[PDB]
J.: 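My structure is below; once you've seen it, I'll send some questions.
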Amino acid sequence: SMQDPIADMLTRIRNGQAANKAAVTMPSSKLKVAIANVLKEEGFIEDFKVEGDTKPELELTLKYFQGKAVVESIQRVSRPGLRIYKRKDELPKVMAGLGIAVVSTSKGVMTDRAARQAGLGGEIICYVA
Amino acid sequence: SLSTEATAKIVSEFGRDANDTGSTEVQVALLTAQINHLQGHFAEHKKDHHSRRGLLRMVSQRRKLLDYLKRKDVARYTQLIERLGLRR
Amino acid sequence: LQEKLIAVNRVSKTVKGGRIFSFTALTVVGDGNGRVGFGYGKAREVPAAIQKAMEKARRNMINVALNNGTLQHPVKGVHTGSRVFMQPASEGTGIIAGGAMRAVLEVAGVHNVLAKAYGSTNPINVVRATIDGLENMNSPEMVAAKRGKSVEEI
Amino acid sequence: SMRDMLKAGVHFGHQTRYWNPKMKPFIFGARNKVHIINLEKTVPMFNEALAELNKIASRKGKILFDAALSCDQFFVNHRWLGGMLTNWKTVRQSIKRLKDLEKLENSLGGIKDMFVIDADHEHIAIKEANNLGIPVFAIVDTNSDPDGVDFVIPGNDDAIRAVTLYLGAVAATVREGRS
RNA sequence: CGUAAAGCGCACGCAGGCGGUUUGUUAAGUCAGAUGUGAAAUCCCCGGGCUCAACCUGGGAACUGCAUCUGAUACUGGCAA
RNA sequence: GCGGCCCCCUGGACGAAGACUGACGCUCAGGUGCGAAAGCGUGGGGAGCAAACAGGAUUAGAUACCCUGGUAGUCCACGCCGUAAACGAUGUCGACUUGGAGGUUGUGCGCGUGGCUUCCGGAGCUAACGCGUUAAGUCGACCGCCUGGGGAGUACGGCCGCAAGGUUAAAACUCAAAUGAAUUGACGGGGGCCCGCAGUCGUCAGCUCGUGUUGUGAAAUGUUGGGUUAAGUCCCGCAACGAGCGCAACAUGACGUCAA
Ligand SMILES: CN(C)[C@@H]1C(O)=C(C(N)=O)C(=O)[C@@]2(O)C(O)=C3C(=O)c4c(O)cccc4[C@@](C)(O)[C@H]3C[C@@H]12
Ligand SMILES: [K+]
Ligand SMILES: [K+]
Ligand SMILES: [K+]
Ligand SMILES: [K+]
Ligand SMILES: [K+]
Ligand SMILES: [K+]
Ligand SMILES: [K+]
Ligand SMILES: [Mg+2]
Ligand SMILES: [Mg+2]
Ligand SMILES: [Mg+2]
Ligand SMILES: [Mg+2]
Ligand SMILES: [Mg+2]
Ligand SMILES: [Mg+2]
Ligand SMILES: [Mg+2]
Ligand SMILES: [Mg+2]
Ligand SMILES: [Mg+2]
Ligand SMILES: [Mg+2]
Ligand SMILES: [Mg+2]
Ligand SMILES: [Mg+2]
Ligand SMILES: [Mg+2]
Ligand SMILES: [Mg+2]
Ligand SMILES: [Mg+2]
Ligand SMILES: [Mg+2]
Ligand SMILES: [Mg+2]
Ligand SMILES: [Mg+2]
Ligand SMILES: [Mg+2]
Ligand SMILES: [Mg+2]
Ligand SMILES: [Mg+2]
Ligand SMILES: [Mg+2]
Ligand SMILES: [Mg+2]
Ligand SMILES: [Mg+2]
Ligand SMILES: [Mg+2]
Ligand SMILES: [Mg+2]
């Protein structure tokens, strides 16, 4: 059964980029939208939008630069079978700072850089580069 | 399998209406009716292993629905097993 | 271009008469400034094999975006059974790598690096894994470019 | 322009079973199991293929392909010899033998004193062009892979009538570009 | 873990692990801060003393831990709908 | 695993259009059940076939293969056994990711849309072979299992079994390999096509190289293929393009083989 919707979102992006899809759609959730917001603000995806009400669908517009997909890697870190939490000092650097780690903190989902500047740890959702 | 008429009776007794085929009580009552009916079949046909696998699926499904109902509403659970004459 | 001979190997094919020995030569060439290529040459004699390898290496060079004679970030490279890891290091570290990886990194112009070869250490595949690792390494500028940000934002 | 393209029959693709899925962007639709090419992609991609061919040949270029001789250019119209570009150092000796004293005339007569019709058919030539870093300008039909092609031109390239339109245009544009 | 060693012959299923989506609540996990403790020696850093060194030695850092208190509430858990 | 036809009892799957329940789910150590063939127990049955066995051949021998026979068994009822290359040598569930050609089974208006299934192939993956929307691709959940070849799936102990045996499962000791896939040869009581009165092989028509291209690589291609020739002779095709030594032409013995 479906036991990790976030890993599914990341995979839809990974597989979408590898297949040169313009957009990818999926069942929405508040956490998926929170992650989509971070990906947009850091410039990994172009745009997102939620459509529906009873069964909302999240669409992500993927971005390509010089033919190549911009999301070169995207990996689930914390997962249902093994949750991963880090203190502020132990927050991971992705690609020596050139990538992002998405972190769920008590002040919402944000990048590792924003968590570190806010002085927060949290759950490491995924690495993006 | 259970007849259209026998099914429709069970939906009337245990359901909220004729349309209420989905409720846990109805589902459990329907499974119970077919489990009880098939006792006669397997008394005669002891080596019908293939059909017995279908019976044991009915038994397992009933067990899972009863466990769901027990933790959702103990009182409805208690009423149901009394009406159908189940141990648990 | 600096040129380095990594490995020479005697290979054999059988014929009616007996065995026909020949030689293979694996070489790397580089400008010492983020340009590197490898070549693999085969001949009946060792010096001919090396010459063929060096000619191949010069025409099959790729560009690597260096930083101060070290890497931009940790990189993984894979080819066949060879899996390599390479990490940026501080000045005065030197090339902390095995011989095949060392030859590549030296001619490429990587002075400081920590490396490790996992799996097969077969030179032919280690060199391909290493160059594969280097060529897909991102600089901050291209990251900034693809993400549509400034480098200070990155 | 577009009216004269479909007049010739640029729009007619191969049958749907023979298609390359990479050509899906350029395909407009299908009728009786035959893909129809969108000429609204052809027009700008063709006209921009003329523009870069204007730019290269203005730098004293060598367009390799009646149309070639009209433009003072080189051609291969029989069997492409494997290694004609990548093994040029050897193939020159056959050129040398062709002009020291009909077999080499068929094979090398068009390039004796040295643009793709059908990219799938001329896959060897495109591969050689890619190896040496030579910009390919190919007509790509629905059954064909456009990955090697630098300047894709989505269109028919089986009918001589469609071919004469394309070959006329490139020979026209470059000749006026050199005068 | 197709063929190198490695998918139970197949299934049902208790314990266990895991759990779609929304709101509220809780604050167990998690996170933050503070306080107490974490012997000295050792290791490490900057110094000092034996002609130097080993060795001896001043102060620091470290001891990644544990406990308690006060907060945060995104995520996981509990509870309610 | 299941194959004539008919009836009786009965399990599952799939589709259409709704209605209903409201996370009731996925996986599953231990547990429990089912589980080919052979085999075992009791009672039946026994045409054909056939372990054992007997005779006849074959052979140096022939406890075989071949022949003539032939008992258990193969069949039925009930009970046991619990294993097979029980195989897709590929655990179950869910999501995602270009195409082509079929089979089978529903269903809506030539054109759609479901289920199951077969072949080819793209990216990707893979040591390679290959796999490729029925993944061996990209991910997540849970389980099972591996850790050099042997010794050994053996011993001991436990459990199970009427027995045969099954299951769980070591150690000492011993070796520097064992192994997988693929490559070039050679070889075959493999296949196709040809030739010869059927120092050496052999006057046999072969043997190679450069450059290019393919493969991670050994290597491959060229030299294969369609014809034709005494001839790699020649022609035509062809990721090869050329060249050398042989052939031929003007007795002549290619590269090599046998530490001859
Ligand atoms: C200590 N430990 C409990 C060991 C163990 O882990 C075993 C295992 N299979 O994993 C045993 O078999 C182990 O438990 C065990 O049973 C052992 C043995 O039976 C024997 C016997 O019987 C004779 C010689 C040697 C052994 C042995 C060395 O293999 C014993 C090892 C035992
Ligand atoms: K909570
Ligand atoms: K369970
Ligand atoms: K008998
Ligand atoms: K291969
Ligand atoms: K399992
Ligand atoms: K051993
Ligand atoms: K060659
Ligand atoms: Mg190569
Ligand atoms: Mg190894
Ligand atoms: Mg084996
Ligand atoms: Mg095996
Ligand atoms: Mg299996
Ligand atoms: Mg199950
Ligand atoms: Mg949840
Ligand atoms: Mg707490
Ligand atoms: Mg201390
Ligand atoms: Mg909650
Ligand atoms: Mg039997
Ligand atoms: Mg018997
Ligand atoms: Mg007989
Ligand atoms: Mg016999
Ligand atoms: Mg077994
Ligand atoms: Mg079988
Ligand atoms: Mg089979
Ligand atoms: Mg098996
Ligand atoms: Mg089936
Ligand atoms: Mg396939
Ligand atoms: Mg045993
Ligand atoms: Mg035993
Ligand atoms: Mg030969
Ligand atoms: Mg010749
Ligand atoms: Mg040929
Ligand atoms: Mg002669």
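In what follows, every chain begins at residue 1, and chains take the letters A, B, ... in the order their sequences are listed. Atoms considered below: every heavy atom in the structure, side chains included; atoms not considered: hydrogens, waters and symmetry mates.
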J.: Does the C1'-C2'-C3'-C4' torsion put E:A32 in the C3'-endo-side north group or the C2'-endo-side south group?
T.: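 Torsion sign positive, so north.
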J.: Examine F:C24: is either OP1 or OP2 under 4.0 Å from a nitrogen or oxygen in the side chain of B:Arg71? Give yes or no.
T.: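 For F:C24, OP1/OP2 do have a side-chain N/O of B:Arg71 under 4.0 Å.
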J.: Do you see a donor-acceptor pair shorter than 3.5 Å between the side chains of D:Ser107 and D:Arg79?
T.: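 Not at all, the side chains of D:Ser107 and D:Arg79 share no donor-acceptor pair under 3.5 Å.
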J.: Looking at F:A218, I'd like to know if its phosphate oxygens (OP1 or OP2) sit under 4.0 Å from a side-chain N or O belonging to C:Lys42.
T.: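 Looking at the OP1 and OP2 atoms of F:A218, one of them is under 4.0 Å from a side-chain N or O of C:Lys42.
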J.: On the six-membered ring of B:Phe14, is B:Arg83 placed so that its NZ or CZ lies under 6.0 angstrom from the centre and within 45° of the ring axis?
T.: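 Judged by the rule (NZ or CZ under 6.0 Å from the ring centre, within 45° of its axis), B:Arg83 counts as positioned above B:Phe14.
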J.: With respect to the phosphate group of E:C14, does any side-chain polar atom (N or O) of B:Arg88 fall under 4.0 Å of OP1 or OP2?
T.: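 Indeed not, no polar side-chain atom of B:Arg88 lies that close.
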J.: Whole Å only: how far is the CD1 atom of C:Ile124 from the P atom of F:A128?
T.: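 Rounding to the nearest Å, CD1 of C:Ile124 and P of F:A128 are 13 Å apart.
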J.: For E:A32, what is the paired nucleotide under Watson-Crick or G-U wobble rules, both distances under 3.5 Å?
T.: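 E:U70 is the nucleotide pairing with E:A32.
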J.: Figure out the CG/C1' separation between A:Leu31 and E:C75, and round it to whole Å.
T.: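 After rounding, the reported distance stands at 7 Å.
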J.: Rounding to an integer number of Å, can you tell me how far D:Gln15 CD sits from F:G99 P?
T.: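 After rounding, the reported distance stands at 19 Å.
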J.: With a 4.0 Å limit, can you tell me whether A:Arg14 has a side-chain N or O closer than that to the phosphate oxygens OP1/OP2 of F:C139?
T.: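 True: A:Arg14 side-chain N/O within range (under 4.0 Å) of F:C139 OP1/OP2.
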J.: Pairing check on F:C234: which nucleotide meets the Watson-Crick or G-U wobble criteria with it, both distances under 3.5 Å?
T.: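 Here F:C234 is engaged in a pair, and the nucleotide opposite it is F:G227.
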J.: Does the structure show a Watson-Crick or G-U wobble partner for F:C146, both distances under 3.5 Å? Name it, or say none.
T.: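 The answer is none; no pair meets the criterion.
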J.: With both distances under 3.5 angstrom, what nucleotide forms a Watson-Crick or G-U wobble pair with F:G222?
T.: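 Paired with F:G222, as far as the under-3.5 Å criterion goes, is no nucleotide at all.
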J.: Below 4.0 angstrom from OP1 or OP2 of F:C241, is there any side-chain N or O of D:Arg79?
T.: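 Yes, D:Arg79 has a side-chain N/O under 4.0 Å of OP1/OP2 on F:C241.
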J.: Compare the minimum distances between each of F:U216, F:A239, F:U208 and the side chain of C:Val15, then state the nucleotide with the smallest one.
T.: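 The listed nucleotide nearest to C:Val15's side chain is F:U208.
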J.: Mind checking what makes ring pair (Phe, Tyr, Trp, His ring centres under 6.0 Å) contact with B:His50, not counting sequence neighbours?
T.: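 B:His50 satisfies ring pair (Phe, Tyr, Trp, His ring centres under 6.0 Å) with no residue once adjacent residues are dropped.
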J.: Taking only side-chain N and O atoms of C:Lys13, does any of them lie within less than 4.0 angstrom of OP1 or OP2 on F:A220?
T.: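 Yes, because at least one side-chain N or O of C:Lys13 sits under 4.0 Å from OP1 or OP2 of F:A220.
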J.: Holding to side-chain hydrogen bond (donor to acceptor under 3.5 Å, both in side chains), I want the full list of residues that pass it with A:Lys30, two or more places apart in sequence or in another chain.
T.: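 side-chain hydrogen bond (donor to acceptor under 3.5 Å, both in side chains) list for A:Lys30, sorted by chain: empty.
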J.: Once hydrogens and angles are ignored, does a donor-acceptor distance under 3.5 Å link the base of E:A72 to the side chain of A:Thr105?
T.: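 No.
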J.: Counting just side-chain N and O atoms, does C:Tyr40 come under 4.0 Å of either OP1 or OP2 of F:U216?
T.: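 No.
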J.: F:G122 P sits how many Å from D:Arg17 CZ, rounded?
T.: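 Distance check: D:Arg17 CZ to F:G122 P gives 18 Å.
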J.: Heavy atoms under 4.0 Å, any strand shown: does B:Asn19 hit a base, just sugar-phosphate, or nothing?
T.: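 Sugar-phosphate only.
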J.: Is the phosphate of E:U23, meaning OP1 or OP2, less than 4.0 Å from a side-chain N or O of A:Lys30?
T.: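 So the side chain of A:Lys30 is within the cut-off, an N or O lying under 4.0 Å from OP1 or OP2 of E:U23.
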J.: Are A:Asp112 and A:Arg116 close enough, and set up right, to give a salt bridge (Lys or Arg N to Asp or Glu O under 4.0 Å), and what steps lead you there?
T.: CA-CA 6 Å; A:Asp112 58 306; A:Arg116 190 152 39 236; 2.8 Å; yes
J.: side-chain contact (heavy atoms from CB on, under 4.5 Å) with A:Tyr127: which of A:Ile74, A:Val94, A:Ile100?
T.: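 Testing A:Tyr127 for a side-chain contact (heavy atoms from CB on, under 4.5 Å) against A:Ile74, A:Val94, A:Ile100 leaves exactly one candidate, A:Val94.
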J.: Classify the nucleic acid contact of C:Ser82 as base, sugar-phosphate or nothing, counting any heavy atom under 4.0 Å across all strands shown.
T.: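 Result for C:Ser82 = nothing.
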J.: What is the distance from CG of B:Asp73 to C1' of F:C24, rounded to the nearest Å?
T.: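 Those two atoms, CG and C1', are 14 Å apart.
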J.: Could you check which nucleotide pairs with F:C2 in any of the strands shown, counting Watson-Crick or G-U wobble with both distances under 3.5 Å?
T.: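 Here F:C2 is not engaged in any pair, so there is no nucleotide opposite it.
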J.: For C:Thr24, report the nucleic acid contact type (base, sugar-phosphate, nothing); a contact means any heavy atom under 4.0 Å.
T.: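 Contact class for C:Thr24: sugar-phosphate only.
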J.: May I ask you to evaluate whether C:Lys52 reaches the phosphate of F:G210, defined as a side-chain N or O under 4.0 Å from OP1 or OP2?
T.: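 Answer is yes, contact under 4.0 Å.
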J.: Strictly below 4.0 Å, N to O, side chains only: are A:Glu90 and A:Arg87 in salt-bridge contact?
T.: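 Yes, charged N to carboxylate O under 4.0 Å.
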J.: Where is the tightest heavy-atom contact between C:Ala100 and C:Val126, given as atom of each residue plus distance?
T.: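 Residues C:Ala100 and C:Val126, closest heavy atoms: CB-CG1, 3.8 Å.
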J.: Any N or O donor-acceptor pair under 3.5 Å from the base of F:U97 to the side chain of A:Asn15?
T.: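 No such pair is found, so the answer is no.
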J.: Does any nucleotide pair with E:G60 by Watson-Crick or G-U wobble geometry, both distances under 3.5 Å, and what is it?
T.: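 E:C44 is the nucleotide pairing with E:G60.
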J.: Hey, does A:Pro56 reach any base, or is it just sugar-phosphate, or nothing, if we go heavy atoms under 4.0 Å?
T.: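 Counting heavy atoms under 4.0 Å across all strands, no contact is made by A:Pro56.
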J.: Establish, with yes or no, whether the OP1 or OP2 oxygen of F:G11 is under 4.0 angstrom from a side-chain nitrogen or oxygen of B:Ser1.
T.: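 Checking B:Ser1 against F:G11: at least one side-chain N or O falls below 4.0 Å of OP1 or OP2.
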J.: Does F:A85 carry a north or a south sugar when the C1'-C2'-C3'-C4' torsion is used to decide?
T.: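 F:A85 falls in the south pucker range.
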J.: If I compare all heavy atoms of D:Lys112 with all of D:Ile95, which pair ends up nearest, and what's the gap?
T.: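 The answer is O-CG2, 3.2 Å.
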J.: Inspect the contact between D:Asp100 and D:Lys96 and indicate whether a charged nitrogen and a carboxylate oxygen are less than 4.0 angstrom apart.
T.: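 Counted as a salt bridge, because a side-chain N and a carboxylate O are separated by less than 4.0 Å.
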J.: Expressed as a whole number of angstroms, how long is the span from A:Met26:CE to E:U21:P?
T.: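 Checked: the CE to P distance equals 13 Å.
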J.: Quickly work out the A:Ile13 CD1 to F:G140 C1' distance and round it to whole Å.
T.: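 These atoms are roughly 15 Å apart.
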J.: Compare every heavy atom of D:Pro146 with every heavy atom of D:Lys22, then report the nearest pair and how far apart it is.
T.: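 What the structure gives for the nearest pair is CB-CD, 3.9 Å.
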J.: Applying ring pair (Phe, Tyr, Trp, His ring centres under 6.0 Å), can you list everything that pairs with B:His49, at least two apart in sequence or on another chain?
T.: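 For B:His49, no residue satisfies ring pair (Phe, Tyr, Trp, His ring centres under 6.0 Å) once neighbours in sequence are set aside.
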J.: With a 4.0 Å cutoff (strictly under), does any side-chain N or O of A:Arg79 reach OP1 or OP2 of F:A141?
T.: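 So the side chain of A:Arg79 is within the cut-off, an N or O lying under 4.0 Å from OP1 or OP2 of F:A141.
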J.: Is there a Watson-Crick or G-U wobble partner for F:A52 with both distances under 3.5 Å, and if so, which one is it?
T.: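 Because no pair has both required distances under 3.5 Å, F:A52 counts as unpaired.
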J.: Any strand counts, and the cut-off is 3.5 Å on both contacts for Watson-Crick or G-U wobble. Which nucleotide pairs with F:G94?
T.: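 F:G94 is paired, partner F:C139.
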J.: Can you list, by residue number, the residues of residues 33-62 of chain B that have a non-hydrogen atom closer than 4.0 angstrom to RNA chain E?
T.: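 Within this stretch, B:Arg53, B:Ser60 sit under 4.0 Å of the strand.
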J.: Please check the phosphate of F:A23 (OP1 and OP2 only) for any side-chain N or O of B:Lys72 closer than 4.0 Å.
T.: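 Looking at the OP1 and OP2 atoms of F:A23, one of them is under 4.0 Å from a side-chain N or O of B:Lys72.
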J.: Would you name the heavy atoms of A:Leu10 and A:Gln75 that are closest together and state the gap between them?
T.: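 Where A:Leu10 meets A:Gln75 most closely, the heavy atoms are CD1-C, 3.9 Å.
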J.: Any donor-acceptor pair, under 3.5 Å, between the side chain of A:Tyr85 and the base of E:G29, if you only look at N and O atoms?
T.: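 In this structure, the two groups form a donor-acceptor pair.
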J.: Using nucleotides 16-18 of chain E, report all nitrogen or oxygen pairs with the protein that are shorter than 3.5 Å.
T.:
residue : atom : partner : partner atom : Å
E:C18   : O2'  : A:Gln3  : OE1          : 2.6
E:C18   : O2   : A:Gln3  : OE1          : 3.2

J.: Using a heavy-atom cut-off of 4.0 Å across all strands, would you classify D:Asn20 as base, sugar-phosphate, or nothing?
T.: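 Contact class for D:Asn20: none.
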J.: Check whether any side-chain N or O of A:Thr11 sits under 4.0 Å from OP1 or OP2 of F:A95, and answer yes or no.
T.: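 So the side chain of A:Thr11 is outside the cut-off, no N or O lying under 4.0 Å from OP1 or OP2 of F:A95.
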J.: Is F:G206 on the north side or the south side, where north means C1'-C2'-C3'-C4' is positive?
T.: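 Judging by the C1'-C2'-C3'-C4' torsion, which comes out positive, the sugar of F:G206 sits north.
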J.: Should D:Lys89 be listed as having a side-chain N or O under 4.0 Å from OP1 or OP2 of F:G210?
T.: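 For F:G210, OP1/OP2 do not have a side-chain N/O of D:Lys89 under 4.0 Å.
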J.: Are B:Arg71 and B:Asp67 close enough that some pair of their side-chain heavy atoms sits under 4.5 Å apart?
T.: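 B:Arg71 does not reach B:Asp67 side chain to side chain.
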J.: Rounded to whole angstrom units, what separation is found between the CG atom of B:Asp67 and the P atom of F:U21?
T.: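 One finds 22 Å between P of F:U21 and CG of B:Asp67, rounded.
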J.: Could you check whether C:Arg83 gets within reach of a base, just the sugar-phosphate, or nothing at all, counting any heavy atom under 4.0 Å?
T.: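 Contact class for C:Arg83: none.
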J.: Short of 4.0 Å, heavy atom to strand atom, which residues of residues 106-114 of chain A count as contacting RNA chain E?
T.: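 Within this stretch, A:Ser106, A:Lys107, A:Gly108, A:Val109 sit under 4.0 Å of the strand.
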